[PDB]
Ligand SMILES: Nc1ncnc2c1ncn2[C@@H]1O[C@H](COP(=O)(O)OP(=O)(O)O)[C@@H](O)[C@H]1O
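Quick setup: one chain, the form solved without the named molecule, written in structure tokens, and binding and motion questions come after.
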């Protein structure tokens, strides 16, 4: 509401008590960013929404005031697994916490009810799913009794973004949760989310029936992470060898994740690494749940060095010693790449995030996201991040997050910052040639895939598609691909999707801004290295 900075203090009456617990129960010397501000706000009896990247320590901001308080804290969690994660951490720490779920043993629930009402119960955190609030009259009655007895005074709503349709995940159950603030007004409410917008947070505030809400957003920045973008090799076996050279080289004996675009990609990459002596395991949704759990367990135990995964991997990733995250293919958006890379270096020590940029991955992902209304837009933002050879990776991420950034805050931690040595290349004539090829194709009633267009540029492919006088520059194929990608994201070329029986395919067509080429003073410049 006003500012998080006002709360980054320890002159509050409980502030000493906050600190005993921080160092004593939780055994942490210092507070992670925005943890102290959120905890102080909660202890002041003030509803707070905390947006914080996964692995930044969200759970602490509601777990610590629970031992600072008197009775128990009610946490609403959408999935049973997240509740199990928190419960495991808490049992290890020694805090008494319990969980109620849809099909829990009948007598576990009777015990939970008795503990809720109990006058001197040691139970400190109760985790429930949203239907326990929505549909269980007994649990609501016990919550009301506990509240009247001043043993229930804190509410934590995990995945608050689930209130809004505009959030990635939406749970209908969530539209009940407002009853909490209505039934227990003296209980302070905290909403926790990794990803949220102003619209999503305002929606959640509407659903939760909250009048005034502090809104604290943590920085995207992870200072220990080194961000790099490399050329994706044309040869798949050459790419696998480069990966093995990295793993046996910099990352010998170090755990890591390789993110892959497709399930077949994950399986093939895992097979290739296994045949080259790397202990790697594939993870994707089509795997059996037992197989998934086995792979996760072996990786966490370090029996498996590398987990080759799609976006399916992401269940409770708490591994702190992930030294490298490699993207075999680019993610579909800046959000996804940020979340996937951020699984590295949770221990706050140095870790590397290495991304492989390939021309064809753009169109794999574009055909893929054709159903998402903004899928092409976020994909093209990812593409622009990949195309950049001058700007700092942290600066681009900050633009993406609408976050205030300092140019010199990257501080040697990305590949562009460690290399001016670049120059500008005029590529207008390449655009005119490509448009000529496209026009020849459309007169012959031919649709051109990016491969057909680039081949016609290079003089290969079907002869009829070739244009007289069009000679490609003497550049590596990747340079021609980068030029075409720039024309695409700059809208001189556009994607035209076609739906066929087994697949969705991308064609390239004349873009909106191509008419600008009618004027010869028109110029198009791309940065290259010199």
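Residue numbers count along the first chain shown, from 1. Between two forms, the rigid core is the largest collection of C-alphas that superpose within 1.5 Å.
Modelled in this chain, residue 339 is likewise resolved in all the other entries of the protein that span it on both sides, not missing from even a third of them. When the other compared entries with both flanking residues are checked, residue 406 is unmodelled in at least a third.
The gap between residue 419 and residue 420 holds 10 or more unmodelled residues of the deposited sequence. Mean C-alpha B-factor is higher over 163 to 171 than over the other stretch, the pair under comparison being 163 to 171 and 338 to 346. Averaged over Cα atoms, the B-factor as recorded in the entry is higher for 115 to 123 than for the other of 172 to 180 and 115 to 123.
By the numbers in the PDB entry, the CA B factor is greatest at 94 among 233, 185, 191, 94. Between the residues 265, 238, 158, 303, it is 303 that shows the highest Cα B-factor in the PDB record. Among the modelled residues of its chain, residue 272 has a C-alpha B-factor that falls in the lowest third according to the deposited record.
In this PDB entry, the Cα temperature factor of residue 28 sits in the top third of its chain's modelled residues, the highest group.
Residue 35: CA B factor in the middle third of modelled residues in this chain (values from the PDB entry). Residue 516: CA B factor in the highest third of modelled residues in this chain (values from the PDB entry).
Among the modelled residues of its chain, residue 53 has a C-alpha B-factor that falls in the lowest third, as given in the PDB entry.
There is also a form solved in complex with the named molecule; it is not shown, and the following applies to it.
With the partner left out here, the named molecule still marks one of 481 to 489, 467 to 475, 495 to 503, 56 to 64 in the deposited complex; by a 4.5 Å heavy atom cut-off that stretch is 56 to 64. Residue 69 falls outside the set of residues with a heavy atom inside 4.5 Å of the named molecule in the deposited complex.
Of the heavy atoms in residue 32, some are within 4.5 Å of the named molecule in the deposited complex. Looking at residue 241, you'd find every heavy atom of it more than 4.5 angstroms from the named molecule in the deposited complex. A residue is said to contact a partner when one of its heavy atoms sits within 4.5 Å of a partner heavy atom; residue 28 meets this definition for the named molecule in the deposited complex. Just one of 169, 318, 228, 403 comes within 4.5 Å of the named molecule in the deposited complex, counting any heavy atom, and that one is 318.
Here the two forms are overlaid on the core, and between this form and the one not shown the C-alpha of 179 is the only one among 271, 179, 244, 369 to shift by 2 Å or more. Superposition of the core reveals a Cα shift of 2 Å or more for residue 193 between this form and the one not shown. If you fit the rigid core between this form and the one not shown, you'll see the Cα of residue 216 move by 2 angstroms or more.
Core-aligned CA deviation for residue 98 between this form and the one not shown: 2 Å or greater.
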